[PDB]
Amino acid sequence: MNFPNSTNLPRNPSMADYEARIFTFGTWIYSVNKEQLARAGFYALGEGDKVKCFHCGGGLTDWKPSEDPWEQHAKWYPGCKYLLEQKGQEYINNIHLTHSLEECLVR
């Protein structure tokens, strides 16, 4: 169970190109869109809807149709430098503030 990569160098440079990542999915039956996953740095493992970020190495699965690739990326892998490059710390903080406040409301 690897620590998340927080450096500015990708863990998996073979998956650094959008198109390389897009090829990993094949026919995608799952509720979240493969282009939206690939744009958020994710590629498919081939095992259910398990994906990994090319840069941080961070893995996620069990995608509900309401879960957004970028939000989940920020929620679980907040140290990812690819996420910071693409989205900015301000998007990151919003998302973080939001998912903590989602929790309050429920209790």
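The first residue of the sequence shown is number 1, and the count goes up from there. Rigid core: the largest C-alpha set superposing within 1.5 Å between the two forms.
Engineer: Compare 43-51 with 63-71 and report which one shows the larger root mean square C-alpha deviation from this form in 6 other deposited structures of this protein once the rigid core is superposed.
Structural biologist: After superposing on the rigid core, the more displaced stretch in 6 other deposited structures of this protein is 63-71.
Engineer: Which of 53-61 and 24-32 lies farther, on average, from the shown form in 6 other deposited structures of this protein once the rigid core is superposed (C-alpha RMS)?
Structural biologist: Farther on average in 6 other deposited structures of this protein: 24-32.
Engineer: Looking at the entry, does 29-37 or 70-78 show the higher mean C-alpha B-factor?
Structural biologist: Going by the record's values, the stretch with the higher mean is 29-37.
Engineer: Would you tell me which stretch averages the higher CA B-factor in the PDB entry, 6-14 or 93-101?
Structural biologist: Averaging CA B-factors over each stretch, the winner is 93-101.
Engineer: Would you mind ranking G48 by its C-alpha B-factor against the rest of the chain and naming the third, lowest, middle or highest?
Structural biologist: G48: CA B-factor falls in the middle third of its chain.
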